[PDB]
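Observations on the model geometry
Residues per chain, in single letters:
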Amino acid sequence: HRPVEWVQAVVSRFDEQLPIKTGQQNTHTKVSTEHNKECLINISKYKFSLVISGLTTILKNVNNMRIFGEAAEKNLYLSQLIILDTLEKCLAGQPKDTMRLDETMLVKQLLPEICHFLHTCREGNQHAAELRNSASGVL
Amino acid sequence: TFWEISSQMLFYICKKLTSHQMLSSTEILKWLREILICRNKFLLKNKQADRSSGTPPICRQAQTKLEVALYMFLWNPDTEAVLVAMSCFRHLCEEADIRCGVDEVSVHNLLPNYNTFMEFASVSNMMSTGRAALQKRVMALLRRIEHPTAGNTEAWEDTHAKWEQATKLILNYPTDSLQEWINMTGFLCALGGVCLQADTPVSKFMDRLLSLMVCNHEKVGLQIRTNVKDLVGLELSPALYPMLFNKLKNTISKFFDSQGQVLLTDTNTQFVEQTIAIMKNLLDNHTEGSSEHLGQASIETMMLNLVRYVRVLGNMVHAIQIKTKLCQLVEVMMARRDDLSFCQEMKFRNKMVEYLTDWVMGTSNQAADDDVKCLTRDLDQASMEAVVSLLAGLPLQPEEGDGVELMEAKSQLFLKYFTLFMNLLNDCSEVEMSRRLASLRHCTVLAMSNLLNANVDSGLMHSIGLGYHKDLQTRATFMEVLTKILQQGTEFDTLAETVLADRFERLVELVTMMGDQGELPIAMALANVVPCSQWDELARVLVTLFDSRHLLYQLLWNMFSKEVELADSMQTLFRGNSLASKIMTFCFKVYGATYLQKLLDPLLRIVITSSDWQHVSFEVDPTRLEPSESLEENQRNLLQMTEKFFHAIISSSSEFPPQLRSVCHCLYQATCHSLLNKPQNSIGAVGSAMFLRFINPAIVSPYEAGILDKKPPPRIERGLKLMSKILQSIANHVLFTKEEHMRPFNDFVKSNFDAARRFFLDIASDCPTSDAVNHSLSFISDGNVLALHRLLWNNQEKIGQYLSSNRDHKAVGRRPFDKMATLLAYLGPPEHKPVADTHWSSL
Amino acid sequence: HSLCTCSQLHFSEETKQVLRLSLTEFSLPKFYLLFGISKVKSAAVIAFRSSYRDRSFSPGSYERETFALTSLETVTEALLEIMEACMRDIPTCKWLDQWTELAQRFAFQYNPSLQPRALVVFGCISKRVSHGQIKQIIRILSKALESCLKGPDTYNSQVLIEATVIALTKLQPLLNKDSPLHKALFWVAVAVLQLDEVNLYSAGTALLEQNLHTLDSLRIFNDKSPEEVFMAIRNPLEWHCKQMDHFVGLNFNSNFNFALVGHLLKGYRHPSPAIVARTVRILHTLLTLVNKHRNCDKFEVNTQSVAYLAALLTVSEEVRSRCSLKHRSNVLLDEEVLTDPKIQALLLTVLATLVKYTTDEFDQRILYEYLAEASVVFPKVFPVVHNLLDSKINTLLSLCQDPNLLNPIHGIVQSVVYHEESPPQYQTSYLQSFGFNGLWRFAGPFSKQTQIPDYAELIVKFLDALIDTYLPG
Ligand SMILES: [Zn+2]
């Protein structure tokens with residue numbers, strides 16, 4: 001009832017601190033936003049479907065948007081790098097109780113986004129090199 | 001191998017950091033921080049396993065080049081490096097603690113500036129701010145370095161050469177570099193005291209600094225004059241004031257040729273306009289440690305030459321602006337009149353009332369016929385505010401050299417000033433700007449009050465006609481002055497003990513109020529809110545007052561207890577700079593000076609003059625021993641002397657001053673309670689502190705303490721210094737180790753551990769309250785009270801706020817605070833201090 | 001000045017020093033403020049005018065400052081002090097008896113413009129009081145409430161309620177040592193803290209700080225507890241009281257100690273800093289009397305003393321140290337002693353209420369640490385507190401940027417989800433089951449619109465019954 005809304009707030013504040021999203025200095029030397037990540041990671045251990053399903057939609061929007069300019073691109077490369085690093089720790093730290101209860105999500109929500117990075121990418125010599133390394137670890 | 005290899009690495013790298021700037025310097029600094037941490041851990045581990053801790057010459061030659069690099073980073077333009085470099089200072093303190101656990105004298109001997117270094121680390125734990133804000137904190141810390149060393153003294157001289165080359169490139173060749181220059185200059189001004197003591201490198205920094213004050217450079221000239229004025233006024237180290245006042249004077253004395261005719265040059269005007277701004281800031285702020293240096297030199301002859309120069313500028317928009325600022329400096333100079341030194345104060349104050357009353361011409365702006373000459377109105381306001389301050393308690397003196405007799409000459413002089421103020425008073429009538437005339441008229445009536453108050457005999461006749469004036473507000477003021485004069489006896493008349501004896505009786509009873517639980521709210525409140533610059537005055541007044549009432553123990557118990565419990569330094573903290581320490585210095589210096597003179601005087605006469613000791617030496621260092629000297633002969637003589645001095649001290653328990661037994665007891669109780677709330681012995685610390693801080697300095701240097709008329713011969717000087725170490729060890733209850741020179745005496749010191757303790761027992765065994773010994777003299781101490789009543793008045797507002805917060809359970813409707821406001825208002829404002837008849841002197 | 005220099009009177013030298021010192025106090029800026037002429041440099045200049053024979057002055061600045069009955073006390077007590085000093089040197093002097101009679105004639109008669117002031121004077125210069133007089137003062141308070149709610153002319157009679165409470169403060173210490181009213185006057189202080197007005201709340205506490213103080217000198221709590229002393233005398237008229245609890249929402253028959261702290265919490269919101277410190281003293285004083293009955297060192301944690309220790313948490317340094325959170329002597333939130341579900345639900349509600357209104361960085365830090373720690377120690381009953389924490393946390397999660405204030409909050413979130421998925425055993429309406437459904441409302445900020453809560457009609461009947469039970473005639 002009430003606490004469900006508390007989780008959304010931690011999830012929502014994750015979006016509005018990605019560099020592509022306007023940087024309003026809420027990072028406060030990145031200490032504040034750093035704490036929000038770790039709290040979000042811990043919640044995954046008990047609400048696995050909600051946090052994960054929250055992060056696919058966040059990633060789905062970042063990929064599917066248009067930007068122009070060298071400065072803007074550096075942000076998009078940097079923002080997606082954070083999402084995958086965070087998305088892997090949620091999976092990695094899950095208790096190994098064979099919690100295989102996500103059949104519906106993967107087939108049409110998460111995989112069609114991870115497979116996107118693994119395609120042989122000629123957009124950048126170095127940028128795509130590090131992402132494909134990051135997306136492989138998650139897959 | 002580790003200490004030789006590790007230090008050699010440090011020597012090489014620490015030499016490159018000071019060599020010149022590099023792109024990666026900030027990074028090498030962070031790495032260097034961690035290398036020091038690792039060295040500390042190994043030392044701690046090694047010390048536990050075996051004390052051994054080798055210190056080869058390379059160890060000392062690399063322990064020094066490190067400090068020469070932690071100072072020179074304090075003015076780096078980058079804010080990141082400077083914040084790191086302050087942190088590294090803490091590691092030098094820790095490495096000293098490990099190397100020697102005796103914080104009493106070992107820690108403060110390896111690392112003389114231990115105390116201030118601990119303050120560097122704390123500041124670094126603060127919110128990051130701009131460059132300007134941080135630099136104003138680095139300087140304040142640098143101003144507190146006391147003892148010269150090889151790190152202090154070489155850092156100043158090393159960065160001076162860099163400073164002297166940056167200036168040439170900025171000037172000789174017609175913004176990033178200008179910010180580095182501004183940092184270096186602030187470094188040398190703040191940390192110049194160490195390098196002080198003709199052609200010394202410090203006296204050349206000052207010379208170059210008084211040429212930039214008049215720098216006329218087409219491109220950057222303006223910024224140099226502005227920063228130099230700011231730094232030399234607000235940031236200079238107080239220990240350099242005597243060298244400044246004496247250098248500005250010798251620069252202005254060349255503007256007058258023979259026969260005293262001024263020489264306008266359009267650059268002498270620029271110099272004499274910066275000097276006023278420098279002297280106005282340097283006087284208008286109170287900095288700790290300036291009390292003993294501000295009053296060392298006189299500034300009379302410089303101030304007279306400043307008024308006598310601007311007197312000839314003329315009338316203009318510029319000249320009238322210089323005259324206004326010169327009048328505002330005099331007003332500040334008369335506020336600090338009790339911290340300056342005068343050779344003839346009465347004639348100085350008389351000879352400037354004469355000068356400044358010539359610019360007070362009224363109606364000039366109306367005659368000027370100019371709208372821009374509204375400034376000349378401000379000059380009259382400035383001149384009258386200055387003249388009011390010069391006349392407070394000033395007897396009139398006619399400049400001698402004329403036939404007229406003294407009494408008749410003073411009367412003609414009073415009339416001259418009186419008629420001048422009356423004429424100015426008439427022109428401020430409403431019929432003849434409603435605010436400007438209100439202020440100027442108020443001052444003129446406050447200057448005739450001061451002139452008459454000090455010259456009743458000389459000028460009462462000329463003033464009686466003020467009682468029928470046309471202005472009813474002037475008649476009221478004149479009839480309050482006549483009331484004051486009547487209430488004061490014409491002369492002493494032996495009426496001080498009767499008329500005024502009971503006037504302030506209620507004042508002292510208020511401060512000595514035994515606040516419940518013995519808290520003394522007024523005394524404690526007075527301690528907190530008084531400015532630090534006035535802490536010397538407060539210690540004298542409080543100690544003298546309470547002792548006269550036979551309550552000295554009560555004051556001390558509330559004074560030392562806080563710091564001892566507040567800080568683990570306990571006895572160690574009473575040797576810094578703080579109110580609790582200054583009360584200690586006063587008690588030793590005033591009550592104990594006579595104790596030592598009657599003790600060491602006969603003994604020093606024997607060794608210094610007696611025939612038996614005509615040809616003797618006290619040199620027991622084989623390395624320093626001369627070929628003719630015999631070690632056995634030297635050792636026996638030195639031992640016999642220590643028997644004479646040590647024996648005399650023990651037998652002098654009965655003559656120990658009563659005033660000091662209370663001080664010793666408080667430390668005994670305060671330290672005893674400190675252990676209670678936490679095999680250490682209370683008497684151990686009291687006796688050790690007493691010996692090191694009271695008796696040892698007298699023995700080591702008897703001449704500079706007034707026990708002797710001329711400096712002792714070098715032979716006896718060495719003997720006394722060695723004897724001090726032997727006497728100190730006995731008090732500490734320790735033996736000699738690591739010093740083979742003194743090892744043969746470890747038997748003598750051991751046999752005396754008992755007798756010393758019995759002595760400390762006698763002095764420190766007095767009752768916490770003097771129930772056994774009591775007397776009631778109740779000194780009136782009139783001259784001391786006036787100083788107290790003057791101190792309370794000036795701090796009325798701050799004292800009130802402090803008391804209000806506490807005593808919450810019982811409101812302040814009738815707490816001491818409410819009694820103070822009623823009593824202060826009843827007594828009235830304090831009098832004016834009379835002119836000084838001597839040079840400045842201190843305790 | 002005339003008393004000092006009068007010849008018909010022969011004052012000793014000690015007395016004349018007192019009069020001369022008083023003559024100086026009245027000229028200070030403190031007393032210029034009491035008389036209402038602050039902003040005036042000299043009073044004499046304004047009193048007279050030079051052109052009185054020429055023209056007639058035209059009054060200006062019709063705005064006039066309000067007069068507070070607390071200022072009349074300071075004036076009425078500085079003048080009483082002067083009179084007494086003179087009466088010592090005058091045998092068989094009648095000054096104080098005559099002044100007392102004049103005060104009575106106006107105190108006990110209906111006059112909207114003089115009765116409030118006369119009542120305050122009467123209680124300051126009186127040396128004796130009887131039951132009959134203490135009866136009439138309460139009957140005036142009863143009627144003032146009745147008239148106040150009937151019509152809109154409220155401020156006129158809200159001052160007559162303030163002066164009546166002020167007088168009872170000054171007269172109780174003079175009552176008979178064995179009168180029943182020493183205890184019944186406790187329920188008058190409480191009934192005055194329920195009217196929700198800053199001036200009535202400030203005067204209500206002063207009658208309670210001293211009521212406890214007087215009862216000690218008579219040694220009534222020596223072998224009993226405040227709950228037994230005050231609840232026994234309330235028994236005869238419980239029927240009227242049982243209806244006041246229901247509307248206010250604080251049951252006194254369920255948990256006396258938590259109900260009383262439910263009234264003293266609103267005192268942290270008072271604008272005056274000097275009244276916030278007064279309510280802190282009362283909390284200290286009540287803690288001492290309850291533990292002493294148990295001989296429990298004055299800081300032990302138990303069912304009786306848990307309520308007072310929660311309130312003092314954010315103000316007293318000693319309480320924090322003596323009762324510190326376990327996961328850093330004893331520790332608050334002990335599950336070995338705080339076993340009853342009710343007593344561990346009235347402790348969390350107090351801790352959540354304090355944060356909801358607090359707006360200080362330091363204060364919020366200390367309280368969120370205890371709530372975060374309490375989430376793991378009382379998982380079952382914590383969800384009865386979500387609403388009091390819901391709104392403010394939601395904002396704090398988003399916009400906060402303070403690591404010190406952010407770590408404890410995250411601890412709360414991590415603990416709610418982990419213990420979720422279990423059916424709700426205790427709901428948010430658990431407190432209403434046994435009365436305390438008004439604890440979180442009563443402690444809110446004072447209302448700007450000064451309106452009687454409109455259940456004062458019950459208080460009027462309660463006082464009416466009180467007089468009959470203990471003052472039959
Ligand atoms: Zn001289």
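The deposited coordinates for this entry were obtained by cryo-EM, with a reported resolution of 3.3 Å.

Together, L106, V107, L111 and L139 of chain A make up an exposed nonpolar region whose accessible area comes to about 340 Å². On the secondary structure map, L106 of chain A appears in helix α5 (residues 103-118).

Before going further, it helps to spend a moment on the environment of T324 of chain B. Residues and elements named next belong to chain B. Take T324: it is sitting in helix α17 (residues 319-335). When the C-alpha atoms of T324 and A239 are compared, they prove to be 30 Å apart, with 85 residues separating the residues in sequence. Look past the residues within four positions of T324 in its chain and what remains in contact with it is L379 and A382. At 2.8 Å, the side chain of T324 and the backbone oxygen of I320 are in polar contact.

This next bit is on the interface of chain A and chain C. In this complex, chain A contributes 21 residues to the contact, which on the side of chain C involves 23 residues. Buried surface at the junction of chain A and chain C, both sides included, amounts to about 2000 Å², of which 61% is carbon and sulfur. Inspection of the chain A/chain C interface yields one salt bridge. The partner of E420 of chain C in a salt bridge is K47 of chain A, and the shortest N-O contact between them spans 3.2 Å. Along the contact surface separating chain A from chain C lie seven residue pairs in polar contact.

Attention now moves to a negative patch on the surface. The grouping of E94, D97, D103, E104 and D568 of chain B at the surface amounts to a negative patch. Classification of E94 of chain B by relative accessible area gives partly exposed; the value is 34%.

Of all two pairs of chains sharing an interface, the pair with the highest contact count is chains A and C. Here chain A and chain B are not in contact; the least distance found between their C-alpha atoms is 12 Å.

A few words now on the pattern of salt bridges. Under the counting rule described, the total for this entry stands at 33 salt bridges over all chains. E345 of chain B is the partner of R337 of chain B in a salt bridge, and the nearest nitrogen-oxygen pair spans 3.7 Å. With a relative accessible area of 17%, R337 of chain B lands in the buried category. Judged by its relative accessible area of 3%, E345 of chain B falls in the buried class. For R281 of chain C, the salt bridge identified is with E209 of chain C, shortest N-O distance 3.0 Å. Of this pair, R281 of chain C sits in helix α15 (residues 273-292) while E209 of chain C sits in helix α11 (residues 198-217), and the two are 72 residues apart along the sequence.

All names here are of chain B. In this model helix α21 (residues 406-426) runs 31 Å from its N-terminal to its C-terminal C-alpha over 21 residues, within 8% of the 30 Å that 1.5 Å per residue would give. For α21, the complete set of buried residues consists of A409, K410, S411, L413, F414, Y417, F418, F421, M422, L424 and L425. Buried positions along α21 lie against α18 (345-356), α20 (375-390), α22 (436-453), α23 (456-459) and α24 (472-487). If you check the start of α21, you find a side-chain oxygen 3.3 Å away from the backbone N of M407, and it comes from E405.

Pairs of aromatic rings are described using the distance from one ring centre to the other and the angle between the two planes. Residues and elements named next belong to chain C. For the coordinates displayed, the defined rule picks out 33 aromatic pairs over all chains. Aromatic pair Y430 and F434: ring centres 5.7 Å apart, planes at 65 degrees, arrangement edge-to-face. An identical accessibility class is assigned to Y430 and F434; each is buried. Through successive ring pairs, a cluster of aromatic residues spans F186, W187, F221, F230, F252 and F256. Positioned over the ring face of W187 is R234, at 4.6 Å from the centre of the ring.

Most of the time, phi is negative for any residue but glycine, and the peptide bond is trans. All names here are of chain A. At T29, a position not held by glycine, the phi torsion is positive, near 70 degrees. Its location among the elements puts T29 in the loop between α1 (2-15) and α2 (31-43). Judged by relative accessible area, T29 falls into the exposed class, the value being 61%.

Reports often express the size of an interface as the amount of accessible area lost when the parts come together. On the side of chain C, nine residues touch chain B, which itself brings ten residues to the contact. Between chain B and chain C, a total of about 800 Å² is buried, with carbon and sulfur atoms accounting for 53% of that surface. Together, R814, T822 and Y826 of chain B form the three largest contributors to the area buried by chain B at its contact with chain C, with a combined 53%. Between chain B and chain C we count three salt bridges in total. A salt bridge links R281 of chain C to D808 of chain B; its shortest N-O distance comes to 3.3 Å. Put simply, chain B and chain C have three residue pairs in polar contact between them. Classifying every residue of the side of chain B that touches chain C by side-chain character gives three nonpolar, three polar and four charged.

In this section: a positive patch on the surface. Residue and element names in this part refer to chain B. Among the surface-exposed residues, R624, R718, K721 and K725 lie close enough to one another that they form a single positively charged patch. Position of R718 among the secondary structure elements: in helix α35 (residues 714-732). Accessibility expressed as a relative area gives 35% for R718, which makes it partly exposed.

Residue and element names in this part refer to chain C. Among the secondary structure elements, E421 is positioned in the loop between α21 (403-419) and α22 (439-442). Residue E421 is classed as exposed on the basis of its relative accessible area, which comes to 69%. In the structure, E421 is positioned 30 residues away from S391 in sequence and 22 Å away in space, judged by C-alpha atoms.

What follows concerns the side chain of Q194 of chain C. Locating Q194 of chain C in the fold gives a position in the loop between α10 (186-193) and α11. Here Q194 of chain C is in contact with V248, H263, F442, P453 and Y455 of chain C, once residues within four sequence places are set aside.

Another aspect to go through is helix α8 (residues 154-171) of chain C. An ideal rise of 1.5 Å per residue puts 26 Å on 18 residues; α8 of chain C measures up with 26 Å between its terminal C-alpha atoms. Counting buried positions over the 18 residues of α8 of chain C gives 15, a clear majority of the element.

Helix α1 (residues 13-25) of chain C packs onto helix α40 (residues 816-827) of chain B with a crossing angle of 95 degrees between their chain directions and a minimal axis gap of 9 Å. Put simply, α40 of chain B runs roughly perpendicular to α1 of chain C. Of α1 of chain C, the residues touching α40 of chain B (which contributes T822, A825 and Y826 of chain B) are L21, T24 and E25 of chain C. Tallied by class, the residues present in the contact of α40 of chain B with α1 of chain C amount to three nonpolar, two polar and one charged.

Conventions and cut-offs
- Residues numbered from 1 in each chain as written, not as in the entry; some residues may be left out.
- Chains lettered and ligands numbered in written order.
- Part of a larger assembly, values for the part shown.
- Heavy atoms only, no water.
- Patch = residues over 30% accessible without salt bridge, like charges linked within 9 Å, V, L, I, M, F, W, Y side chains within 5 Å.
- Areas by Shrake-Rupley, 256 points an atom, 1.4 Å probe, with all protein chains shown as cover.
- Salt bridge = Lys/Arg side-chain N within 4 Å of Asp/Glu carboxyl O.
- Helix = DSSP H or I, 4+ residues; strand = E, 2+ residues; numbered from the N terminus.
- Contact = heavy atoms within 4.5 Å.
- Polar contact = N/O pair within 3.5 Å; in protein donor to acceptor, adjacent residues only side chain to side chain.
- Buried area = accessible area lost by both parts, 1.4 Å probe.
- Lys, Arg positive; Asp, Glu negative; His and termini not counted.
- Charge placed at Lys NZ, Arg CZ, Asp CG, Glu CD.
- Buried < 20%, exposed > 50% of the residue type's maximum accessible area, 1.4 Å probe, protein only.
- Expected span 1.5 Å × (residues − 1).
- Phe/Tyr/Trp six-rings, centres within 6.5 Å; stacked < 30°, edge-to-face > 60°.
- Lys NZ or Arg CZ within 6 Å of the ring centre and 35° of its normal.
- Nonpolar A, V, L, I, M, F, W, Y, C, P; charged D, E, K, R; others polar.
- Axes fitted to C-alpha atoms, helices over the stretch in contact; angles between N-to-C directions.
- Parallel < 35°, antiparallel > 145°, perpendicular 65-115°, else oblique.

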